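Just below is one structure, and these are the notes that go with it.
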Amino acid sequence: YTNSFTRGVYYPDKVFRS
Amino acid sequence: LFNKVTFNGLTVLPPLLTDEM
Amino acid sequence: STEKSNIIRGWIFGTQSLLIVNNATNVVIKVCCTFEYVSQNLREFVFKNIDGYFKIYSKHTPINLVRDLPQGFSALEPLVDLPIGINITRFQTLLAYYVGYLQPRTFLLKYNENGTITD
Amino acid sequence: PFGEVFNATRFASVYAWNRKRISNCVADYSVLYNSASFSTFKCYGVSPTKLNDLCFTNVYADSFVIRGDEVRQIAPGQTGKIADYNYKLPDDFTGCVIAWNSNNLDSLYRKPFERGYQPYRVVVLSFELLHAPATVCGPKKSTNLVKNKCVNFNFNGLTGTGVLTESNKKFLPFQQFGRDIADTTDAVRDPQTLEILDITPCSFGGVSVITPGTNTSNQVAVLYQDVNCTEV
Amino acid sequence: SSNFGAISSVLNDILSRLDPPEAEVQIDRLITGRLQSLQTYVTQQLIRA
Ligand SMILES: *[C@@H]1O[C@H](CO)[C@@H](O)[C@H](O)[C@H]1NC(C)=O
Ligand SMILES: *[C@@H]1O[C@H](CO)[C@@H](O)[C@H](O)[C@H]1NC(C)=O
Ligand SMILES: *[C@@H]1O[C@H](CO)[C@@H](O)[C@H](O)[C@H]1NC(C)=O
Ligand SMILES: *[C@@H]1O[C@H](CO)[C@@H](O)[C@H](O)[C@H]1NC(C)=O
């Protein structure tokens, strides 16, 4: 078993926020 | 002292007495 | 999958079967035919089906150590969305690979000036 | 090719309703609305006139044959045996249900979107309102882009009035719209040139009148708040 | 950005979709909610001031 840690975030939606 | 302190229809109106005054 | 050789080139999806094959050059995707999809270190892939749309997210990151997932933050850019509308309860991989199930969560996302999700 | 769906020689069963997806084509809903053949043209979340100008990401057509009485059951948030199992409409599906008399030609039945006695063919249209490049667009004519001036802009079915300026935003390719804290869209990508344009609201300011007492004089001075003299 | 019960929180959308008779209903919901939001804001400022 390998810990997920912080890996795996993806952009939720097309709209751009800065 | 001054260093330490930090659209739609909303608008901010300038104070009558400027900081210099 | 943390492989430089990238032997893995297949992804089988089934309860209609969704076959995604990297093959050569453009990736070719078969949902057979109810529909046909036009041809399009560590590799990170997120697979989810929402409303009959299959959104894939892919990021490639060089790894100092193959054994352990790199400590740090990675943002996965969406690659392709397919309106296949096929129910998938099982999946298989065609030639280490780590599989993690996705659970709904509330996330606070930090966006930089560039707009990347820094954290 | 709406004609194919509407004039389809063979119609699907009510319970076994079929869904055909219409995409990548300009769609004119006026023709359908004009045709009197359709006994009912009720639109639940949209108005027929607006249909011509609105641009939808995807259009889904459901074809089934039901008795005249059964037509009412289809309606969203209505309890009918046909609606109970055969075909279910989710509330606020933002689509138009179109039914036409088909008894002459006709003369098997048994979760939302999950699959007197004369039978009438019924086709249900569902409109996708998600924010994505919209494959289906109504008949419209594009006009040349204008920048650095207040302009009323309709982009891919999005209407707003604001100044348009070139945007230095590093828009990601998948991204189509940039939004501020408010729902209003700060930045838009051109449907024809794929350029990122910033939107700035047209200058608005309070008008104040400086008046000496009316008795003393009637002359007045006018102040425009936070408005440059050049603008006005 | 709150719907307050309306189909959408973007006024232009409602105007660009529903016909005048129906739109009124949706708009009224938004007006009521937005109006209430201002009063709350104003009241707090008075007390705070
Ligand atoms: C954005 O990316 C550029 C490189 O294109 C980099 O120089 C800059 O520091 C980045 N800014 C942020 C806020 O990430
Ligand atoms: C079906 O055929 C009729 C023939 O009179 C035609 O008028 C109509 O346009 C066709 N249906 C559609 C949706 O175009
Ligand atoms: C049509 O759109 C493409 C980009 O999608 C653009 O390159 C082309 O110039 C457009 N044609 C016209 C006539 O505007
Ligand atoms: C108004 O615009 C002029 C440029 O023509 C500029 O010099 C001036 O500072 C502006 N006034 C402001 C920003 O109050």
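Residue 1 is the first one shown; counting continues down the chain.
From the backbone N, Cα and C atoms, a Cβ is placed for every residue, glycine too.
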Segment assigned the feature region 'Disordered' in Swiss-Prot (from D:131-153, D:177-199): D:131-153
Per Swiss-Prot, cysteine bonded by disulfide to D:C43 (from D:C96, D:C202, D:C229): D:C96
Neighbourhood of D:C150 (disulfide bond), C-beta criterion under 8 angstroms, separation at least six: D:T161, D:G162, D:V163, D:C202
Contacting recorded positions, sequence order - D:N7, D:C43, D:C55, D:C96, D:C137 vs ligand 2, Cβ under 6 Å: D:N7
Cβ contacts under 8 Å made by the region 'Disordered' (D:131-153) with residues that lie 6+ beyond its boundaries: 22-29, 51-59, 159-166, 176-177, 188, 190-193, 197, 202
The region 'Disordered' (D:131-153), counted residue by residue under DSSP: helix, strand, coil: 0 helix, 6 strand, 17 coil
Rounded to the nearest Å - Cα separation of D:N215 (N-linked glycosylation site) and D:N228 (N-linked glycosylation site): 32
D:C96 (disulfide bond) versus D:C55 (disulfide bond) - Cα distance in angstrom: 15
D:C137 (disulfide bond) and D:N228 (N-linked glycosylation site), Cα-Cα, nearest whole angstrom: 40
